[PDB]
Student: 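Questions regarding the structure given below will be posed in turn.
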Amino acid sequence: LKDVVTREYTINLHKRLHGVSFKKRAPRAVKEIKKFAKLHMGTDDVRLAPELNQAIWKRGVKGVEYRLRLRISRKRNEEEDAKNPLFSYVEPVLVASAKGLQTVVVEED
Amino acid sequence: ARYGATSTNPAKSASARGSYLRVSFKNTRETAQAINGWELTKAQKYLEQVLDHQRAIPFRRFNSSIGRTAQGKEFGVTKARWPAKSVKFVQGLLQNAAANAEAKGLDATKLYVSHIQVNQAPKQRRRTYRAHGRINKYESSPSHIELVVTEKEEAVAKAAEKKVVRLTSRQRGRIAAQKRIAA
Amino acid sequence: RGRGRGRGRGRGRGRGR
Amino acid sequence: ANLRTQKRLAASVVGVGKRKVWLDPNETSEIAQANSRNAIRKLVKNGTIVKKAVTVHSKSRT
Amino acid sequence: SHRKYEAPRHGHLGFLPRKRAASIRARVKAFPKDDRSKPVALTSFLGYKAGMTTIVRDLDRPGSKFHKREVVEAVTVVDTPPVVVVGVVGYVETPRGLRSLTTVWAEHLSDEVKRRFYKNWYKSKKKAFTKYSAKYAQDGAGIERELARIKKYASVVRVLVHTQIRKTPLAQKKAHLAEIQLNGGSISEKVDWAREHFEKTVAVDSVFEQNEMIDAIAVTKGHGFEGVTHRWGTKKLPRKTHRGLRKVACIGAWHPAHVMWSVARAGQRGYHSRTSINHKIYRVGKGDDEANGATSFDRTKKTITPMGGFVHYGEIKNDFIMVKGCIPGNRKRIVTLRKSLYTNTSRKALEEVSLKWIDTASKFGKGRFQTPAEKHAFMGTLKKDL
RNA sequence: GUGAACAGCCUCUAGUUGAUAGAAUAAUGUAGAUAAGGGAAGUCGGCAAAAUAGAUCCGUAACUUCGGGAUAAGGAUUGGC
RNA sequence: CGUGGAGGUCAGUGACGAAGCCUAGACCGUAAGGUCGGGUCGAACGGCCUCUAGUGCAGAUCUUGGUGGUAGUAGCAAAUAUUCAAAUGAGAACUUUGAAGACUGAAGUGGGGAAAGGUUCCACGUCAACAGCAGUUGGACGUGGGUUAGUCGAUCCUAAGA
RNA sequence: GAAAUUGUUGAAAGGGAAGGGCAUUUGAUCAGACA
C-alpha cells in the first residue's frame, strides 16, 4: 500500500521539549519531527528540507516554537534501491500562526 | 589449509577464513558461539537483526559487569549485547563461505555451519600516559576467524557391532532346557 | 613523586614517632 | 570534491577573508579544475564566486 | 566502648526487608474471626483511590476544648463500583495449615475477568473457560458434585470477586481478581449464598456503613532507589566531610567482621505493602444519586468531584467511600478496605459523624469557587460567553 | 556601545565551530543555587557561606610622631519624560 | 643416576629417516632414571671401559624474555554548541560546499616576529601503521616543487668581559 | 616449533574451593600365556 499522499500536520512541540536541556532543545526538535513523521507515515527514511531546519533554529537553541505547521509527503525511493521503497519529505508551511489548525489532506493537484 | 578439529565430510563442505582482522577477540567469540550449528539461511537473517537492535548476541563467558537486557530471554540469559563491528566481520566470511559453495556445486538450501573457530592474533602495540610520568600498554586484541559450511544429511549409520556371544558349558545346557520344555 | 602518594613528612599522618 | 584550496586562493584574489568567499554548490565541477590564481579570477568575472558583502552593524541606536 | 550518649534506633525493624512487593494488589493476610450467629456477609471490598478533599464537621467529644465546635479534617475518596461474584473457594484444615480443596466458577464470565488470564489478549483466541462451560450444559450434576464437596469438607469458605474496571475513568481495561472470606454461620449456607450470587453484583453499602472503623490495605507509592538519608532518616554529615556527606559514617565495628542486618543501608524505597487500621467512614455515597457532595446543612446541588475533576484520576460516577485521614498508596491504585479485627470502644469510635460542608474546589491550583454557577455569579460575564 | 576605565558584558573586521558519540534522568558525587521560624545554640575556631558595595549630599569618636586615624562609625538620594 | 667435551672400543645406529618434540600407550629399577610403540620432524647420534668440568634448580622483593586472572572492567565528563541538505566514496555524527545557529570580542581562538624546531610550507597520489571513537581527511605515508637583495640583517664598532 | 596462555571438538564431574593418600565398584584402555 504505497498510496502516495500529502498531508499537513500540526505538531505540539511544546509538550515534547518539556524538561529538556537548553543546549539540546533545538537538536532534539529535529529528532522529534523525524519520530513524528515515522508514526504517521510508517517510513523509516525521513528527509527534512533545509528551509524547515531554519524554522526550528529561528530563535537559537532555546527558542523552539510551541507549535509548527508541517507538510509531510510520502514519495517513492530511487537511486539504487535502498531498504525501504518509500520515504517521507517534510516541508514547512508559511502561515501567520499555527494555532487552531487540524490535519488537512492535500491532493496531488 | 590446516583448519581446526572438524568431523565433517570434506567433499560436501566449503571453508573460508580471515587472519589478522582488527576486531575484538572477546566480542567475536560470543557471536561465533551464538551462531554455531545454525542453518546458513537462518544465520544470515539473524545477524541482520542484530544491527537493527531487534535480536541480541548472548554473552556467556566474557560477560563480567555487562548490563543486562530483556532480549536475552530467547537464549535463557540475562546479559547480552550487540557487537556490530564483529557481526560485520563474521557475516563477511559467511558471504565468502557461501560463495565457495556454488563453485564446488553445493545447493544452498541445505548448508548449515558445522565448525566455526576463533582464536587470538598477534597484538598491535600502542601506549598510554598515566599520572606521575608513567607509561602503560595500550593494545588491541585481533583474532583469526575460520568457519566451515556443510550440507545436512539424514539416516547416516546403521549396522552397529555384532556382539559376539560367550557362553559356558552349564549355561548352554540351561538354555537348552527351556527350549525342550517351552518356547 | 607528584603531589600525591604522601607518606613521609606529615602533620598527623604516618611516619611520626 | 575537495574545494579547500580553492577557497584559500579566492580569499587572496578578491581581497577579503575566507568567511566572505562564496562558492556555487551547483557549479562545483568546474571549481575543482581551477588550480591557479589566474583561473580563480576567471570565476569571479562570470559570477561563480561572489564577494558576500559585510554584515551590517548599524549605529542608529547610538 | 559506649557510644558517647544513648540515642534511639533509626527506623522500625519489623518492616523488613524493604523490597518491592510481589504484586500491585496487596494481599489480605488476616480476616475477622467468624461468628456463627451473624448472617452471611462480606469481610472486605475492593476500590480505587481517587483523591483527597476537606470536610467541615461538628466535634462531639466531651471533656475537650473544641466541644460543640467546628473542625476541618482531611479525608480520602475511594471509588468503589460494585463487584461481581464469579466463584467460591473452600479451605480444609490440615496440620500443615490451610489447604484449598475445590474451586467452582460461574457459568458465564465477562471479558474483564478473561482479560486477567491473558498477557496477549489481542493475539489470543479467547479460549479461556470454554471447556469448563460444558459442565453447565448437562443437568448440573458436574457442578453440584463439586459444590457438595464444599459443604462436607472445607470448613473455611472464600468467595471470588472482581472489579468492574470499565465503570472507572481508568484506561486499564482489566479486572482485578481477589478472594474475600465470608463471615457467617452454617457452612452449607455459605456456599448457598455464593451459588445464588453467581454473575450478580453486590454494592458497597451492604458491607460497610456510617461511622464504621475499617482497615486499609494497599501498596505504598514507589520511589525507586533512594539514599540512606531519606530511606532511614539518619543524621547528615557535616559540610567538612570528604567523599560525600549523605551517608552513614560507621557501618559496624571490627568484631564481628561482618556488616550487621540492623544497620541503615541505601536501597529501594516505597512500593511496599502496608496495613493501616482504625479509619472511620464519613460517607457511604451512591452512584445513582445526584448531589453526593451535598449535605443537610449546605443544601447546594453539587456532587463530590472537584472543579475540573480529580487530578490524574477523573470524575466519580459510581459509589464511593469517604475515609477520614490518609490511606497508603497514591491515586489510581487498587485498594482493599477491610473491617476491623476487634471491637474498639475507646470513644474515638462509637460517635455519629454528621458533616456540614464538603470542599469541592479545584485541586489543580488555588481554587476559589465550589460550583460552576458560583464562578459565573462572582465574575459576572466574560468576553467568551457573551 | 555601556562605564571613571585596556574591568565585566554585547557587536564589526578577522578567525574557528576542533575536545569519542547516542539513550535515559536511580543512589552517591563535582560545580552552581534557593529555603519558613530561630540567628553561631554548630565547631578546636564565624571554617564555609551570607550581608556590605558605584556615584552625589550630610555627618564622622577615642587616640596621635599633628602627617593621620577616615571610605571611621552612621544616614539620605539614584529611572523615564 | 644424569649433562657438555676428550682417549679407546662396539669394522655400533642412520635419508628404507639421526637428533629434538608430543603421547589419563607399554615395560624395567625402592629411587635418581632407562627402554619400546605411535605421531611430528629432517642430518647427524649412541652403548661400554677411562679422562675432564663453566655438570643437575621451585624459590634468592633473582636475571632476561614471554603470557594470565583482574577485564571488555576502571575509563575516553575543563575550555557554553551544533543542525539540515547536497557532492565524493565500498563505507560519512567527523571530508568538501551551501544554508542556519554560535563563539574568540579586538591585553582575540586576529595579523606579524625573536629564541627554538628543520621541510612541518605547497601540489599530486595513498589509508597497513599513527591522529587513545571514526575517517574518503591530516603537521601521517609515498613522489615532486619551493626560499632571487648595492638599500632588510649578519659582516663593522665598542660595553660588562674574554 | 616446547611451556605459560587461548579457541573448537570429544569425554567426565560439580549443594560456600580445588588438588592428595588407602581400598573397591563402575566406565575406558592395555598386557600375557595359549604348547
Side-chain angles (χ1 to χ4, degrees), chain A residues 19-24 26-31 33 47-61 63 90, chain B residues 3-8 20 22 24-30 32-33 36 59 61-66 81 83 88 114-121 123-129 138-141 143-148, chain D residues 1-8 11 16-29 31-32 35 54-59 61-62, chain E residues 223-231 238-240 242-247 265-269:
Chain A
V20 177
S21 295
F22 280 146
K23 293 302 180 74
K24 293 171 189 174
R28 275 201 82 259
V30 170
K31 294 208 183 85
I33 288 170
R47 282 98 163 272
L48 296 175
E51 293 83 3
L52 190 141
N53 186 65
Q54 295 193 230
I56 307 160
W57 291 81
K58 182 68 173 66
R59 302 187 302 177
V61 287
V90 178
Chain B
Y3 276 72
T6 69
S7 63
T8 78
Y20 310 100
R22 207 181 183 172
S24 179
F25 162 70
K26 308 200 177 188
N27 287 341
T28 300
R29 190 257 171 195
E30 307 294 332
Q33 281 307 107
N36 192 13
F59 273 35
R61 176 179 290 153
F62 311 118
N63 51 354
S64 299
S65 301
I66 308 294
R81 270 189 172 167
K88 293 187 286 185
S114 54
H115 165 74
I116 181 167
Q117 178 203 282
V118 56
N119 51 5
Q120 321 207 54
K123 293 156 171 281
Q124 296 294 321
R125 281 75 178 272
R126 282 184 286 184
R127 67 184 68 188
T128 183
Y129 302 102
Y138 182 76
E139 293 179 353
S140 300
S141 310
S143 51
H144 307 303
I145 313 172
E146 51 174 42
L147 63 94
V148 171
Chain D
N2 197 266
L3 306 181
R4 206 201 274 120
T5 181
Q6 266 80 34
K7 197 182 262 279
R8 178 181 65 84
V16 288
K18 263 155 60 202
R19 62 209 306 268
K20 299 215 168 319
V21 177
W22 186 82
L23 273 74
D24 211 343
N26 291 328
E27 304 317 300
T28 184
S29 66
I31 310 172
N35 45 359
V54 298
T55 293
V56 164
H57 179 204
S58 162
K59 294 191 292 301
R61 277 175 325 269
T62 300
Chain E
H223 289 108
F225 208 93
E226 197 60 73
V228 74
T229 312
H230 211 69
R231 199 192 186 198
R239 187 205 52 88
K240 270 212 193 183
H242 190 38
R243 274 186 281 253
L245 55 90
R246 298 181 59 88
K247 271 136 67 159
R265 302 292 295 276
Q268 152 82 27
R269 189 172 77 91

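Note on naming: letters A, B, ... go to the chains in the order of the sequence lines (proteins, then strands), and numbering restarts at 1 for each one. These numbers come from the heavy atoms of this one structure, side chains and all, not from hydrogens, waters or symmetry mates.
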Student: Can a donor-acceptor pair under 3.5 Å be found between the side-chain atoms of B:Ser24 and the base atoms of G:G72?
Tutor: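 Such a pair is found, so the answer is yes.
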Student: 5'-most contact on RNA chain G: B:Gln120 or B:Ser64, nearest heavy atom basis?
Tutor: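 It is B:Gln120 whose nearest nucleotide is closer to the 5' end.
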Student: Could you check whether the six-membered base rings of H:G16 and H:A17, which sit next to each other in the strand, have centres less than 5.5 Å apart and planes tilted by under 30 degrees?
Tutor: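 No, which means the ring centres are not under 5.5 Å apart or the planes are not under 30°.
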Student: Do D:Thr28 and D:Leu3 have side chains that approach each other closer than 4.5 Å (heavy atoms only, starting at C-beta)?
Tutor: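 In contact.
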Student: What does the list of N/O pairs under 3.5 Å between the protein and nucleotides 28-33 of chain F look like, with a distance for each?
Tutor:
from  : atom 1 : to       : atom 2 : distance (Å)
F:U28 : OP1    : E:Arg246 : NE     : 2.9
F:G29 : OP1    : E:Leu245 : N      : 2.6
F:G29 : OP1    : E:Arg246 : N      : 2.7

Student: Based on whether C1'-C2'-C3'-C4' is positive or negative, which pucker family does G:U143 belong to?
Tutor: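 North is the answer for G:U143, its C1'-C2'-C3'-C4' torsion being positive.
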Student: Counting Watson-Crick and G-U wobble pairs only, both distances under 3.5 Å, name the nucleotide matched with G:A154, or none.
Tutor: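 For G:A154, the partner nucleotide comes out as none, under the 3.5 Å rule.
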Student: Which whole number of Å gives the distance between the P atom of F:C12 and that of G:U83?
Tutor: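 Pairwise P distance, F:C12 against G:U83, rounds to 23 Å.
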Student: Using the sign of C1'-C2'-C3'-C4', would you call the sugar of F:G67 north or south?
Tutor: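 Sugar pucker of F:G67 - north, given that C1'-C2'-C3'-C4' is above zero.
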Student: I'd like to know if F:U78 and F:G54 make a pair - Watson-Crick or G-U wobble, with both distances under 3.5 Å.
Tutor: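 Both donor-acceptor distances below 3.5 Å, so yes.
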Student: Going by heavy atoms closer than 4.0 Å, what residues in residues 16-25 of chain D are next to RNA chain G?
Tutor: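 D:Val21, D:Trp22, D:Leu23, D:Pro25, in order of number.
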Student: Would one find a side-chain N or O of B:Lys123 under 4.0 angstrom from OP1 or OP2 of G:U67?
Tutor: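 It does not, given that no N or O in the side chain of B:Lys123 lies less than 4.0 Å from OP1 or OP2 of G:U67.
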Student: If we only count Watson-Crick and G-U wobble pairs whose two distances fall under 3.5 Å, is G:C36 paired to G:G65?
Tutor: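 Pair flag for G:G65 and G:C36 is false.
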Student: Could you check A:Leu48 against B:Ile66 and say which one's nearest nucleotide on RNA chain G is further toward the 5' end?
Tutor: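 Nearer the 5' end of the strand: B:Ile66.
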Student: Would you call G:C103 and F:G15 a Watson-Crick or G-U wobble pair if both distances must be under 3.5 Å?
Tutor: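 Yes; the pair between G:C103 and F:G15 satisfies the definition, which requires both distances under 3.5 Å.
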Student: Is it the case that G:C133 and G:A134 stack, meaning their six-membered ring centres lie under 5.5 Å apart and the ring planes differ by under 30 degrees?
Tutor: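 Result for this step: stacked.
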Student: Could you measure between the two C1' atoms, the one in F:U20 and the one in G:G135, and give it in whole Å?
Tutor: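 Pairwise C1' distance, F:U20 against G:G135, rounds to 13 Å.
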Student: On a heavy-atom basis, which atom in E:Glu226 and which in E:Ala266 lie closest, and how many Å separate them?
Tutor: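 Heavy atoms of E:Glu226 and E:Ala266 come nearest at O-CB, 3.5 Å.
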Student: If the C1' atom of F:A72 is compared with that of F:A61, how far apart are they to the nearest Å?
Tutor: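 Comparing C1' positions in F:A72 and F:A61 gives a spacing of 8 Å.
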Student: Between P on G:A87 and CZ on A:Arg47, what's the gap in Å once rounded to a whole number?
Tutor: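 It is 10 Å, rounded to the nearest whole Å.
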Student: Main chain of D:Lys7, side chain of D:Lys18: is a donor-acceptor contact present, judged purely on distance under 3.5 Å?
Tutor: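 No; zero donor-acceptor contacts below 3.5 Å.
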Student: Atom CZ of D:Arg8 to atom P of F:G15: distance rounded to whole Å?
Tutor: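 Roughly 13 Å, once rounded to whole Å.
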Student: Taking all atoms of both residues into account, what is the closest heavy-atom pair of B:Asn27 and B:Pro83, and its distance?
Tutor: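 Shortest heavy-atom separation between B:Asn27 and B:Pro83 comes out as CB-CB, 4.1 Å.
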Student: Could you check how far CD1 of A:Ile56 sits from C1' of G:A99, rounded to whole Å?
Tutor: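 So the two atoms are 13 Å apart, to the nearest Å.
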Student: What is the distance, to the nearest angstrom, from the NZ atom on A:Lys23 to the P atom on F:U25?
Tutor: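 Between P of F:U25 and NZ of A:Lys23: 21 Å.
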Student: Taking atom NE2 of E:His230 as the centre, does the number of heavy atoms from other residues, nucleotides or ligands within less than 6.0 Å exceed 12?
Tutor: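 No, the 6.0 Å shell around NE2 holds no more than 12 heavy atoms from other groups.
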Student: Ignoring backbone atoms, test whether B:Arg126 places a side-chain nitrogen or oxygen under 4.0 Å from the OP1 or OP2 oxygen of G:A131.
Tutor: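 For G:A131, OP1 or OP2 has a side-chain N or O of B:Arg126 closer than 4.0 Å.
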Student: Going by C1'-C2'-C3'-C4' alone, is G:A123 a north or a south sugar?
Tutor: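 Sugar pucker of G:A123 - north, given that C1'-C2'-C3'-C4' is above zero.
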Student: Minimum heavy-atom separation for A:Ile56 to A:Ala26, with atom names?
Tutor: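 Of all heavy-atom pairs spanning A:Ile56 and A:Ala26, the closest is CG2-O, 4.1 Å.
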Student: Determine whether a donor-acceptor pair (N or O, by modelled atom type, separation under 3.5 Å) exists between the side chain of B:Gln120 and the backbone of B:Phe25.
Tutor: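 Pair absent, no side-chain N/O of B:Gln120 close to backbone of B:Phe25.
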Student: Kindly indicate whether the side chain of A:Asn53 and the base of G:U83 share any N or O donor-acceptor pair separated by less than 3.5 Å?
Tutor: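 Donor-acceptor pair under 3.5 Å: yes.
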Student: Just to confirm a value in my table: G:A116 sugar, north or south, sign of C1'-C2'-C3'-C4'.
Tutor: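 The G:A116 sugar sits on the north side, the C3'-endo region.
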Student: Determine whether a donor-acceptor pair (N or O, by modelled atom type, separation under 3.5 Å) exists between the side chain of B:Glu146 and the backbone of B:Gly4.
Tutor: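 Yes.
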Student: Could you check whether any side-chain N or O of B:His144 sits under 3.5 Å from a backbone N or O of B:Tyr20, counting only pairs where one atom can act as donor and the other as acceptor?
Tutor: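 Side chain of B:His144 to backbone of B:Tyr20, a donor-acceptor pair under 3.5 Å: yes, one is there.
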Student: When you measure from the side-chain N and O atoms of D:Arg4 to the phosphate of G:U96, is any distance below 4.0 Å, counting only OP1 and OP2?
Tutor: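 Result: yes.
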Student: Which atoms of nucleotides 8-11 of chain H (N or O only) lie under 3.5 Å from a protein N or O atom, and what are those distances?
Tutor:
from : atom 1 : to       : atom 2 : distance (Å)
H:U8 : OP1    : B:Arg29  : NE     : 3.0
H:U8 : OP1    : B:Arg29  : NH2    : 2.8
H:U8 : OP1    : B:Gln33  : OE1    : 3.3
H:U8 : OP2    : B:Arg61  : NH1    : 3.4
H:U8 : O2'    : B:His115 : ND1    : 3.3
H:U9 : OP1    : B:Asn36  : ND2    : 3.1

Student: Just by distance, do the side chain of E:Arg231 and the backbone of E:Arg265 share a donor-acceptor pair under 3.5 Å?
Tutor: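 Yes, the answer is positive, given that a donor and an acceptor are paired below the 3.5 Å cut-off.
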Student: What do you reckon, do H:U9 and H:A31 form a Watson-Crick or wobble pair with both distances under 3.5 Å?
Tutor: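 No.
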Student: Using the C1' atom as the point on both nucleotides, what is the distance between G:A85 and G:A107, in whole Å?
Tutor: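 Comparing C1' positions in G:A107 and G:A85 gives a spacing of 42 Å.
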Student: Between G:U64 and F:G18, do both key distances fall under 3.5 Å for a Watson-Crick or G-U wobble pair?
Tutor: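 The answer is no: G:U64 does not partner F:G18.
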Student: OP1 or OP2 of G:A129 sitting under 4.0 Å from any side-chain N/O of B:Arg22?
Tutor: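 Answer yes for this pair, as a side-chain N or O of B:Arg22 is under 4.0 Å from OP1 or OP2.
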Student: What's the CZ-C1' distance between B:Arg127 and G:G132, to the nearest Å?
Tutor: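 Result: 13 Å.
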Student: At under 4.0 Å between heavy atoms, what does A:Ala49 touch on the DNA or RNA strands: base, sugar-phosphate, or nothing?
Tutor: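 Sugar-phosphate contact only - A:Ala49 comes under 4.0 Å of backbone atoms but never of a base.
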Student: Sticking with atom P, work out how far G:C36 lies from G:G14, rounded to a whole angstrom.
Tutor: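 Those two atoms are separated by 13 Å.
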Student: H:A28 and H:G16: how far apart are their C1' atoms, nearest whole angstrom?
Tutor: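 The answer is 33 Å between these two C1' atoms.
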Student: Using the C1'-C2'-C3'-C4' sign, is G:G89 on the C3'-endo (north) or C2'-endo (south) side?
Tutor: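 North, since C1'-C2'-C3'-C4' is positive for G:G89.
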Student: Does G:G138 pair up with G:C130, Watson-Crick or G-U wobble, with both distances inside 3.5 Å?
Tutor: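 So G:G138 is base-paired to G:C130.
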